[PDB]
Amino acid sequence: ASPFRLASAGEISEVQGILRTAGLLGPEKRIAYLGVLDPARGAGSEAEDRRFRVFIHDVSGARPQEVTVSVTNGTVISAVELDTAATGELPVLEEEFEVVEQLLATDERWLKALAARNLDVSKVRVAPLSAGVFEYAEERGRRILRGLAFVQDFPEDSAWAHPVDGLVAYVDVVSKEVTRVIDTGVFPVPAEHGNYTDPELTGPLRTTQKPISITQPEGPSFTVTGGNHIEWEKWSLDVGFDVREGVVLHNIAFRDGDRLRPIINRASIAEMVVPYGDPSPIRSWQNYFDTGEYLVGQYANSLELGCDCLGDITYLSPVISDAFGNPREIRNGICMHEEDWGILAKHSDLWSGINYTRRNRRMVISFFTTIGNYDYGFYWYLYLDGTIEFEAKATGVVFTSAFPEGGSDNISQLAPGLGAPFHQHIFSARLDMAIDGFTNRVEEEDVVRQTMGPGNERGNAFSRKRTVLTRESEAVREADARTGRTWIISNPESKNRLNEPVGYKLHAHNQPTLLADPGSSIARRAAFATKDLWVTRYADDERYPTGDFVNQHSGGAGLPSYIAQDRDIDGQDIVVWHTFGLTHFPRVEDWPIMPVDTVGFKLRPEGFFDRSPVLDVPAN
């Protein structure tokens, strides 16, 4: 019954039938994206209308289309033809990956480059990578992928150990022609293998680890109703899944006595970019938009009990569309469980004689995705005390290159002759806020140092200041770790019992933002990543910080364009966009498979409650 329920297999089949009968899904058509639309703003929305948004690719070269369909009524709502040279290309299709390696295998320029290196073409894997927008005028309006080569010595070999440097090819995957093959010179192909399953590399496995058993003999403390509605320890929320963004959280609310109090209307990771910092022309174009160009949800892993998710696990199995409109289930794609989280509060009081200890817990909602060599885990945590936290876990295999003789300022050495170019992993969290309702504002809070003098004779005082962000043109903010800078989202019309506006404080990790030169292509296309915090006025169509069609878009779409409207954000329906990321100088310990590293952010209540919200937790 819930408008926020997960898409079902039957819904996707109905969408396919509607498209087919409308003449929009012929044999030359492919679905590049399909997802359910959120309800529009309407607190009295009663009539159910489940609508789906679809991007339709044409493999014969005709213009693609954006289509909205109503599955409730069986109708096409709208269908518009897209001019991709203007508004950007559609996301990369899984089936286009294979095309790159196959086309190059018969190209005379590619074969001659491999022959010079004495490489068997049947052993050369090609990583198909997004193209971006650079100096090649012939690429405007065409679907381009770029390919980098790796050698696989045998079918189970890790090809990432054997990059073929000095060689790159560009491919039109619709006309199926190789536009350029660039050979800048012969580099030795690194010869050591990186097979982390090979006993010769691992040595004998440890026998010292004894089991840790985590069980819940009475079952978990949360309930799941209507397929994806969660109730847990005063929290209430809906767990969504979109093929582009992955797990999306809706309607995050907290039960304070007898009021259900909204906190966040919609939370998602709305973009993720991986820019590389190697100036070699072989790789200087390399920037993954894993969300916008590849769609992270379609590569979600099936998560194995006892290995990926340990404990008393409740799974969700989201359904997505394949390229032909058939439903595909991602079995066990989302793990949900609760975890002990140490001490919540503790005090031993000398004067009263009372000793008091309580334990903390968190609810975990997670999924894992694999995009080529990298694997990313996305974790949302809810804590007993009202804290909300996101954490990204980065693992997988580093992207490799040759390590030049004489060294490099932009590449790490991992093994003899084997390099790993410097890069970043930068995320954008889109937080459609609803602190006690939709009338919200953001304040920037800095620590204030005070000088010794009258009214501060001992020079010990310090203070803080808050600055309200009132218009979008002033709501593009930078971190300042030295002044303890945080941002407070408050509701000026909802006060706590002390007559102060209720709020939540965003705590950033204050990691570096995008390092590329401000005039670069990547800085224009990933403008969101150049600043830590953006605030916009809510609009239904402003969904992604990079725009709807990221692939081969020339730049400026998304947040720079939204912000330019300069709308009032002081006590309005607002959206917070937080940039955060990891700057990765690969170390030897990241090879041949990388131990997890993490980054994230959290939100803590700031006078939202009238006192601690966990006084009613029992002693166990």
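We call the rigid core the largest set of C-alpha positions that still match within 1.5 Å between the two forms. So that there is no doubt, residue numbering starts at 1 and follows the sequence shown.
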Completion exercise
in 7 other deposited structures of this protein, with the rigid core superposed, the stretch whose C-alphas stray more from the shown form, 42 to 50 or 584 to 592, is 42 to 50
Problem - Divergent stretch in 7 other deposited structures of this protein, 554 to 562 or 30 to 38 [C-alpha RMS, superposed by the core] - result: 554 to 562
Completion exercise
Once average C-alpha B-factors are taken from the entry for 588 to 596 and 561 to 569, the winner is 561 to 569
Fill in the blank from the handout: Mean Cα B-factor check, 321 to 329 vs 294 to 302, entry values; winner is 321 to 329
Practice task
Please pick out which of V576, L582, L34, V69 has the largest Cα B-factor as recorded in the entry.
Solution key: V69
Handout entry: Deposited CA B-factor, highest of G377, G519, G503, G396
Key = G519
Problem - Chain-wide C-alpha B factor ranking for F254, given as lowest, middle or highest third - result: middle
Problem - Where the record places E474 (Cα B-factor, split into thirds across the chain) - result: middle
Practice task
Just say lowest, middle or highest third for the CA B-factor of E339 relative to the other modelled residues in its chain.
Solution key: middle
Completion exercise
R143: CA B-factor among chain residues, third -> highest
Completion exercise
Among the modelled residues of its chain, the C-alpha B-factor of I12 falls in the third labelled middle
